[PDB]
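A closer look at the structure
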Amino acid sequence: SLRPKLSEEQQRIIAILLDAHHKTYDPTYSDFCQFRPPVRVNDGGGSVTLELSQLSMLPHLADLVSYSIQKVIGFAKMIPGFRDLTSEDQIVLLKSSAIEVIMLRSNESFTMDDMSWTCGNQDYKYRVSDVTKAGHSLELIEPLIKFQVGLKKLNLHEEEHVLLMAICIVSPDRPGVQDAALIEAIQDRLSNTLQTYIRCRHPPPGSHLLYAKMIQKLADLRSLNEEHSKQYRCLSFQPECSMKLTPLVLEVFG
Ligand SMILES: C=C1/C(=C\C=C2/CCC[C@@]3(C)[C@H]2CC[C@@H]3[C@]2(C)C[C@H](CC(C)(C)O)CO2)C[C@@H](O)C[C@@H]1O
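Residues numbered from 1 in each chain as written, not as in the entry; some residues may be left out. Heavy atoms only, no water.

Looking at the entry header, you'll see X-ray crystallography listed as the method and 2.0 Å as the resolution.

The protein carries the name Vitamin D3 receptor in the PDB entry, which gives Homo sapiens as its organism. The record in UniProt for the protein states the following under Sequence similarities: "Belongs to the nuclear hormone receptor family. NR1 subfamily." (UniProt positions renumbered as here; feature names shortened; annotations may be inferred.)

Now the structure itself:
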């Protein structure tokens, strides 16, 4: 019922997060041509044996994800309060949420026109088929696409988008966290900002239980995270796979 106005601090938090995102997410994807080139082998049959023997799209996608992890680290460092955490806790949070924030931020390039992550010409258009060419299976891809569509349909304001990523990163329920109380205090400040923003700036009927739906996406992400982890493990068993990855990727997912 009540719709309190955003406090000055809350307005500041949102401005800071919008700015952090604009500085770490290039909507033109102009750096992508610097990654190792994408290669698409003929795999109309979706052969696991062939996909693993080649891993043709892995070098490019690994570079894309490595690049993205670097951007997420930069984004996180700008989250109000993040710097108040110990170095040890900052790293724990980053490593555990990296893949989830990547899935979230990727929703910006995802398009329902053809269910792909379109980052430019045909060369930089990523489809389910490209993900399989990188060693992953439908067990991850299927729910990932469903997740992207579900997120797209929430029609989030950029303010809600950046707050969701911040809330995802600053989670007290990550294994290995030291000061969970502090992390939770920081997360609550962000969650309260999101709830307040939704209540006084998000017009209906898109505001109906929007917060609950957003929180459910965070739960969905935990599942996707676990499935990606299991599959990455399997992928890492392929001889010479490390050379197709990057040191940052090896560390975060290793
Ligand atoms: C990265 C970003 C973008 C798209 C995200 C995608 C499309 C390609 C496949 C990805 C990268 C998917 C998200 C997860 C999925 C995954 C399952 C991860 C996996 C990585 C590994 C092999 C190491 O296991 C390869 O496929 C583009 C832009 O919006 C920026 C955003 O930052």
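Quick word on the overall build of the protein
What the protein contains, in helices and strands, is 11 helices and 3 strands. Listed by position from the N terminus, the elements making up the protein come as α-α-α-α-β-β-β-α-α-α-α-α-α-α. Expected size for 254 residues packed as a compact globule is a radius of gyration near 18 Å; at 19 Å, the protein falls within 12% of this value. Dimensions of the protein, computed from the C-alpha atoms along their principal axes, are close to 60 × 40 × 30 Å. Going through the 254 residues of the protein one by one, you find that 49% of them count as buried. The contacts in the protein between residues at least 6 apart in sequence include a share of 78% that link residues at least 24 apart. Carbon and sulfur atoms make up 54% of the accessible area of the protein, which totals about 12,500 Å². (Helix = DSSP H or I, 4+ residues; strand = E, 2+ residues; numbered from the N terminus. Rg over C-alpha atoms; globule rule 2.2 N^0.38 Å. Buried < 20%, exposed > 50% of the residue type's maximum accessible area, 1.4 Å probe, protein only. Contact = heavy atoms within 4.5 Å. Areas by Shrake-Rupley, 256 points an atom, 1.4 Å probe, with all protein chains shown as cover.)

Examining the packing of helix α3 (residues 58-77) against helix α7 (residues 158-169)
Two numbers describe how α3 lies on α7: the axes approach to 11 Å, and their chain directions differ by 90°. Considering the angle they form, α3 stands roughly perpendicular to α7. Residues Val 72, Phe 75 and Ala 76 of α3 pack against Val 162, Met 165, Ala 166 and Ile 169 of α7. Across the contact of α3 with α7, the residue classes break down as 7 nonpolar, no polar and no charged. (Axes fitted to C-alpha atoms, helices over the stretch in contact; angles between N-to-C directions. Parallel < 35°, antiparallel > 145°, perpendicular 65-115°, else oblique. Nonpolar A, V, L, I, M, F, W, Y, C, P; charged D, E, K, R; others polar.)

Quick notes on the packing of aromatic side chains
Using the criterion set out here, one finds 7 aromatic pairs in the structure. For the pair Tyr 29 and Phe 32, a centre-to-centre distance of 5.4 Å together with 55° between the ring planes defines the contact as tilted. There is no split in this pair, since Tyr 29 and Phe 32 are both buried. Ring plane angle 80° and centroid distance 6.0 Å describe the contact between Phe 32 and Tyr 67, whose orientation is recorded as edge-to-face. Residue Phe 32 is located in the loop between α1 (8-24) and α2 (48-54), and its partner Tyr 67 is located in helix α3; the two are separated by 35 residues in the primary sequence. Through a chain of ring-to-ring contacts, the aromatic side chains of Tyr 25, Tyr 29, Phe 32, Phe 35 and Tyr 67 assemble into a single cluster. (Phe/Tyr/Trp six-rings, centres within 6.5 Å; stacked < 30°, edge-to-face > 60°.)

A look at the pattern of salt bridges
Scanning the model with the defined rule gives 8 salt bridges in all. In this structure, the salt-bridge partner of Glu 100 is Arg 174, at a minimum N-O distance of 2.9 Å. Here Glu 100 is found in helix α4 (residues 87-105), whereas its partner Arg 174 is found in the loop between α7 and α8 (180-201), with 74 residues between them in sequence. The class of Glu 100 is buried, set by a relative accessible area of 0%. Take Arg 174: its relative accessible area is 5%, and that puts it in the buried class. The network of salt bridges with common partners includes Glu 100, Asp 173, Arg 174 and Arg 222. (Salt bridge = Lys/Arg side-chain N within 4 Å of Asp/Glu carboxyl O.)

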